[PDB]
Number of protein chains: 6
Amino acid sequence: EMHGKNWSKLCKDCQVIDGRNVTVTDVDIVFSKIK
Amino acid sequence: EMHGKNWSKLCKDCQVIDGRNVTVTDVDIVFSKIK
Amino acid sequence: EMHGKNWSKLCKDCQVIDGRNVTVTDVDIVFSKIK
Amino acid sequence: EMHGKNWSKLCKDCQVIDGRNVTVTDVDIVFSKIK
Amino acid sequence: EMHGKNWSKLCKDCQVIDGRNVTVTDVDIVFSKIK
Amino acid sequence: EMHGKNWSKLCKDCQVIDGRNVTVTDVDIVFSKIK
């Protein structure tokens with residue numbers, strides 16, 4: 001199970017680029033999820 | 001199970017670019033989900 | 001189980017580029033998850 | 001003297017960030033010219 | 001004298017960050033010219 | 001004198017960071033020209 005408390009961010013089986021200022025440039029595909 | 005509490009952000013099997021200022025540029029496909 | 005407390009960020013089976021200023025450039029695929 | 005020809009960009013006593021995709025972030029002052 | 005021809009970019013007494021993708025981050029002052 | 005021809009970029013008394021992908025981070029002052 002998962003449980004965050006009042007500001008806590010949490011994940012499982014995840015891919016995160018968490019950060020204050022975040023820029024991505026010239027990309028071909030940012031998000032891709034084939035199943 | 002999942003449970004956030006009053007400000008807590010959480011996910012499972014996710015892809016996040018969480019952040020204060022976020023820009024993406026020149027992209028071809030940002031979100032892609034084939035199934 | 002997982003439990004963060006009021007600012008604590010935590011994950012399991014994860015890939016994170018957490019950081020204040022984060023830029024990625026010229027990428028072909030940023031996020032990829034085949035299953 | 002200065003003379004450009006049909007696509008030529010030129011300057012003198014200049015500061016340029018010329019480029020296809022250009023982003024500036026979190027800045028305090030972008031342009032400043034005190035005299 | 002200066003003379004560019006049909007795509008040629010040129011300057012004198014200049015500061016350039018010319019380039020295809022260009023990002024500047026967290027800056028305090030990008031352009032400053034005191035005289 | 002200076003003369004570029006149809007793609008040639010040239011300068012005199014210059015400071016250039018010419019390049020395809022160019023990022024500057026955490027800077028205090030990027031351009032400064034006191035006279």
# chains A, B, ... in the order shown; residues from 1 in each chain; ligands from 1

$ residues_around --residues "range 22-26 of chain C" --least-positions-apart "6" --cutoff "8 Å" --atoms "only C-alpha atoms" --output "PyMOL selection string"
(chain A and resi 17+19-27) or (chain F and resi 21)

$ interface_residues --of "chain D" --to "chain F" --cutoff "9 Å" --atoms "only C-alpha atoms" --output "list in words"
residues 7, 8, 15 and 19 of chain D

$ write_last_selection --atoms "C-alpha atoms" --output "PDB file, in the first residue's frame"
ATOM      1  CA  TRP D   7      18.869  37.592 -45.608  1.00  0.00           C
ATOM      2  CA  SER D   8      22.009  38.731 -43.759  1.00  0.00           C
ATOM      3  CA  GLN D  15      24.343  41.312 -27.447  1.00  0.00           C
ATOM      4  CA  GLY D  19      18.759  30.760 -32.143  1.00  0.00           C
TER       5      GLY D  19
END

$ select_by_dssp --residues "chain A" --states "strand (DSSP E)" --output "list in words"
residues 2, 3, 10, 11, 12, 13, 14, 15, 16, 21, 22, 23, 24, 25, 33 and 34 of chain A

$ write_last_selection --atoms "N, CA, C and O atoms" --output "JSON list (two decimals), in the first residue's frame"
[["chain", "number", "residue", "atom", "x", "y", "z"],
["A", 2, "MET", "N", 0.27, 2.39, -0.33],
["A", 2, "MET", "CA", 0.96, 3.67, -0.35],
["A", 2, "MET", "C", 0.13, 4.71, 0.40],
["A", 2, "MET", "O", -1.11, 4.67, 0.37],
["A", 3, "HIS", "N", 0.81, 5.63, 1.07],
["A", 3, "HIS", "CA", 0.12, 6.66, 1.85],
["A", 3, "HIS", "C", 1.05, 7.85, 2.03],
["A", 3, "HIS", "O", 2.07, 7.74, 2.72],
["A", 10, "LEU", "N", 4.71, 10.47, -3.61],
["A", 10, "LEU", "CA", 5.30, 9.15, -3.70],
["A", 10, "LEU", "C", 4.67, 8.38, -4.86],
["A", 10, "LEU", "O", 3.53, 8.62, -5.23],
["A", 11, "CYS", "N", 5.44, 7.45, -5.43],
["A", 11, "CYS", "CA", 4.98, 6.67, -6.56],
["A", 11, "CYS", "C", 5.59, 5.27, -6.51],
["A", 11, "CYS", "O", 6.47, 4.98, -5.70],
["A", 12, "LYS", "N", 5.09, 4.41, -7.38],
["A", 12, "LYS", "CA", 5.61, 3.05, -7.53],
["A", 12, "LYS", "C", 5.55, 2.68, -9.00],
["A", 12, "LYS", "O", 4.54, 2.91, -9.66],
["A", 13, "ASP", "N", 6.64, 2.11, -9.51],
["A", 13, "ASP", "CA", 6.80, 1.82, -10.93],
["A", 13, "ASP", "C", 6.57, 3.09, -11.76],
["A", 13, "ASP", "O", 5.66, 3.18, -12.59],
["A", 14, "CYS", "N", 7.43, 4.07, -11.52],
["A", 14, "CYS", "CA", 7.23, 5.42, -12.03],
["A", 14, "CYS", "C", 8.51, 5.95, -12.65],
["A", 14, "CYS", "O", 9.60, 5.43, -12.43],
["A", 15, "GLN", "N", 8.35, 7.00, -13.46],
["A", 15, "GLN", "CA", 9.46, 7.73, -14.05],
["A", 15, "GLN", "C", 9.13, 9.21, -13.92],
["A", 15, "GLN", "O", 8.17, 9.68, -14.53],
["A", 16, "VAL", "N", 9.91, 9.94, -13.13],
["A", 16, "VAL", "CA", 9.59, 11.32, -12.77],
["A", 16, "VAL", "C", 10.78, 12.22, -13.08],
["A", 16, "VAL", "O", 11.93, 11.83, -12.89],
["A", 21, "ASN", "N", 12.32, 24.22, -11.99],
["A", 21, "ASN", "CA", 12.28, 24.62, -13.39],
["A", 21, "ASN", "C", 12.72, 23.44, -14.25],
["A", 21, "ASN", "O", 13.82, 22.91, -14.05],
["A", 22, "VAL", "N", 11.88, 23.04, -15.19],
["A", 22, "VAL", "CA", 12.16, 21.86, -16.01],
["A", 22, "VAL", "C", 11.77, 22.17, -17.45],
["A", 22, "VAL", "O", 10.61, 22.46, -17.73],
["A", 23, "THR", "N", 12.74, 22.10, -18.36],
["A", 23, "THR", "CA", 12.46, 22.29, -19.78],
["A", 23, "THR", "C", 13.00, 21.11, -20.57],
["A", 23, "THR", "O", 14.10, 20.61, -20.28],
["A", 24, "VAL", "N", 12.25, 20.66, -21.56],
["A", 24, "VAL", "CA", 12.72, 19.64, -22.49],
["A", 24, "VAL", "C", 12.61, 20.22, -23.89],
["A", 24, "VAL", "O", 11.65, 20.93, -24.21],
["A", 25, "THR", "N", 13.61, 19.96, -24.73],
["A", 25, "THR", "CA", 13.71, 20.65, -26.01],
["A", 25, "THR", "C", 14.06, 19.67, -27.12],
["A", 25, "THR", "O", 14.76, 18.68, -26.90],
["A", 33, "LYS", "N", 4.13, 4.90, -23.99],
["A", 33, "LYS", "CA", 3.71, 3.78, -23.15],
["A", 33, "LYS", "C", 2.97, 2.78, -24.03],
["A", 33, "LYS", "O", 1.77, 2.91, -24.27],
["A", 34, "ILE", "N", 3.70, 1.79, -24.52],
["A", 34, "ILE", "CA", 3.16, 0.75, -25.39],
["A", 34, "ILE", "C", 2.89, -0.49, -24.56],
["A", 34, "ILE", "O", 3.74, -0.91, -23.76]]

$ decode --residues "range 3-20 of chain E" --atoms "N, CA, C and O atoms" --output "PDB file, in the first residue's frame"
ATOM      1  N   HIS E   3      29.720  43.930 -44.312  1.00  0.00           N
ATOM      2  CA  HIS E   3      28.816  43.575 -45.405  1.00  0.00           C
ATOM      3  C   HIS E   3      28.597  42.067 -45.396  1.00  0.00           C
ATOM      4  O   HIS E   3      29.529  41.307 -45.674  1.00  0.00           O
ATOM      5  N   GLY E   4      27.373  41.641 -45.081  1.00  0.00           N
ATOM      6  CA  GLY E   4      26.979  40.256 -45.207  1.00  0.00           C
ATOM      7  C   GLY E   4      26.262  40.013 -46.522  1.00  0.00           C
ATOM      8  O   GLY E   4      25.738  40.936 -47.141  1.00  0.00           O
ATOM      9  N   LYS E   5      26.236  38.750 -46.950  1.00  0.00           N
ATOM     10  CA  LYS E   5      25.748  38.416 -48.290  1.00  0.00           C
ATOM     11  C   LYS E   5      24.787  37.231 -48.232  1.00  0.00           C
ATOM     12  O   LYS E   5      25.211  36.077 -48.230  1.00  0.00           O
ATOM     13  N   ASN E   6      23.496  37.539 -48.162  1.00  0.00           N
ATOM     14  CA  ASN E   6      22.372  36.660 -48.472  1.00  0.00           C
ATOM     15  C   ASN E   6      22.088  35.557 -47.459  1.00  0.00           C
ATOM     16  O   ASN E   6      20.969  35.045 -47.442  1.00  0.00           O
ATOM     17  N   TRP E   7      23.050  35.188 -46.615  1.00  0.00           N
ATOM     18  CA  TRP E   7      22.738  34.505 -45.361  1.00  0.00           C
ATOM     19  C   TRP E   7      23.760  34.775 -44.269  1.00  0.00           C
ATOM     20  O   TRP E   7      23.643  34.182 -43.194  1.00  0.00           O
ATOM     21  N   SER E   8      24.758  35.621 -44.499  1.00  0.00           N
ATOM     22  CA  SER E   8      25.925  35.702 -43.634  1.00  0.00           C
ATOM     23  C   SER E   8      25.669  36.676 -42.493  1.00  0.00           C
ATOM     24  O   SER E   8      25.361  37.849 -42.727  1.00  0.00           O
ATOM     25  N   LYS E   9      25.810  36.192 -41.265  1.00  0.00           N
ATOM     26  CA  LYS E   9      25.617  36.997 -40.071  1.00  0.00           C
ATOM     27  C   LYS E   9      26.967  37.380 -39.487  1.00  0.00           C
ATOM     28  O   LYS E   9      27.837  36.527 -39.299  1.00  0.00           O
ATOM     29  N   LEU E  10      27.139  38.666 -39.200  1.00  0.00           N
ATOM     30  CA  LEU E  10      28.423  39.176 -38.746  1.00  0.00           C
ATOM     31  C   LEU E  10      28.209  40.347 -37.799  1.00  0.00           C
ATOM     32  O   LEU E  10      27.204  41.053 -37.882  1.00  0.00           O
ATOM     33  N   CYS E  11      29.160  40.542 -36.888  1.00  0.00           N
ATOM     34  CA  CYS E  11      29.064  41.607 -35.902  1.00  0.00           C
ATOM     35  C   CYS E  11      30.453  42.128 -35.567  1.00  0.00           C
ATOM     36  O   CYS E  11      31.471  41.565 -35.972  1.00  0.00           O
ATOM     37  N   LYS E  12      30.482  43.224 -34.817  1.00  0.00           N
ATOM     38  CA  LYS E  12      31.721  43.819 -34.336  1.00  0.00           C
ATOM     39  C   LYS E  12      31.472  44.366 -32.942  1.00  0.00           C
ATOM     40  O   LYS E  12      30.464  45.039 -32.713  1.00  0.00           O
ATOM     41  N   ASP E  13      32.386  44.077 -32.019  1.00  0.00           N
ATOM     42  CA  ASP E  13      32.222  44.418 -30.608  1.00  0.00           C
ATOM     43  C   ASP E  13      30.907  43.851 -30.072  1.00  0.00           C
ATOM     44  O   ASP E  13      30.010  44.569 -29.633  1.00  0.00           O
ATOM     45  N   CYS E  14      30.810  42.527 -30.117  1.00  0.00           N
ATOM     46  CA  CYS E  14      29.558  41.831 -29.881  1.00  0.00           C
ATOM     47  C   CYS E  14      29.766  40.671 -28.918  1.00  0.00           C
ATOM     48  O   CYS E  14      30.887  40.216 -28.681  1.00  0.00           O
ATOM     49  N   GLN E  15      28.654  40.200 -28.359  1.00  0.00           N
ATOM     50  CA  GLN E  15      28.628  39.012 -27.512  1.00  0.00           C
ATOM     51  C   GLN E  15      27.405  38.205 -27.925  1.00  0.00           C
ATOM     52  O   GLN E  15      26.277  38.667 -27.748  1.00  0.00           O
ATOM     53  N   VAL E  16      27.621  37.017 -28.480  1.00  0.00           N
ATOM     54  CA  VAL E  16      26.557  36.234 -29.096  1.00  0.00           C
ATOM     55  C   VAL E  16      26.544  34.833 -28.498  1.00  0.00           C
ATOM     56  O   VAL E  16      27.603  34.254 -28.230  1.00  0.00           O
ATOM     57  N   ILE E  17      25.343  34.287 -28.297  1.00  0.00           N
ATOM     58  CA  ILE E  17      25.175  32.898 -27.874  1.00  0.00           C
ATOM     59  C   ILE E  17      24.431  32.153 -28.977  1.00  0.00           C
ATOM     60  O   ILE E  17      23.560  31.319 -28.709  1.00  0.00           O
ATOM     61  N   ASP E  18      24.747  32.484 -30.227  1.00  0.00           N
ATOM     62  CA  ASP E  18      24.089  31.884 -31.381  1.00  0.00           C
ATOM     63  C   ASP E  18      24.118  30.362 -31.325  1.00  0.00           C
ATOM     64  O   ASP E  18      25.160  29.757 -31.076  1.00  0.00           O
ATOM     65  N   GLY E  19      22.964  29.748 -31.573  1.00  0.00           N
ATOM     66  CA  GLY E  19      22.866  28.301 -31.597  1.00  0.00           C
ATOM     67  C   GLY E  19      21.445  27.804 -31.746  1.00  0.00           C
ATOM     68  O   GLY E  19      20.510  28.500 -31.353  1.00  0.00           O
ATOM     69  N   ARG E  20      21.272  26.591 -32.276  1.00  0.00           N
ATOM     70  CA  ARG E  20      19.942  26.115 -32.651  1.00  0.00           C
ATOM     71  C   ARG E  20      18.989  26.113 -31.460  1.00  0.00           C
ATOM     72  O   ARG E  20      17.989  26.841 -31.449  1.00  0.00           O
TER      73      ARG E  20
END
